[PDB]
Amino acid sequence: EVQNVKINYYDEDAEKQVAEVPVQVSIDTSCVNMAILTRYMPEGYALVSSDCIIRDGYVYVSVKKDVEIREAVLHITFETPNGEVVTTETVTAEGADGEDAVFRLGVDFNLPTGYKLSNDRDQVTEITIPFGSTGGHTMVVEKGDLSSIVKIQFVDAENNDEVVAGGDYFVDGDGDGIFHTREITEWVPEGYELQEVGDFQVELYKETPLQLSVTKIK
């Protein structure tokens, strides 16, 4: 399944439609990125402006002919609130020299994998860089998953708590420091069922493992 969208390239100077291009995009997007708008740019014309928005099946693009086409270039740096750099990326867009390229989070560039916008402040989600110029911007992010490693040994309660298996398992995605055995029942040894059950504290098991009782099935 995908979405059919008509791109309306309009020359506001000529006050004429220059082209109406049908394209296909993912079914759950409502904003088409500049790279698509300029991929299907009719020959001789340059991007001036578009709000990207899919409006009853149409995207409106203001374009202009006989002008120089230049890249707007954006160096985005993603930092975590303590100043450490997650990643850096450069994205570009080409349009009419001196007009405004608007880079919008999630359409023209994405957050690092595993991260989200930080909840510690308000920041901009759109960055405007004129074509023919270069700009920088730092976006502040936070990890999506706060899981920690915890050492666990499964231990046979009917044989003097002999170690059956163990390892380091990721738990506590919310990051509150508490985890529940539902999060590690995936790992119980094959011939065994988990008998020791409930909540447990992450900080206590980064060095010595938590021993959880297990017994042989049937």
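Residue indices: 1-based, along the sequence shown.
- The PDB entry reports B-factors from which the mean C-alpha value can be compared for 114 to 122 and 90 to 98; the larger average falls on 114 to 122.
- Stretches compared: 185 to 193, 32 to 40. Higher mean C-alpha B-factor in the entry: 185 to 193.
- Among all modelled residues in its chain, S213 ranks in the middle third by Cα B-factor.
- When all modelled residues of the chain are sorted by CA temperature factor, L47 is found within the lowest third.
- When the modelled residues of the chain are ordered by their C-alpha B factor, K64 lands in the middle third.
- Ranked against the other modelled residues of its chain, the C-alpha B-factor of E158 as given in the entry falls in the highest third.
- The deposited CA B-factor of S148 belongs to the middle third of values across its chain.
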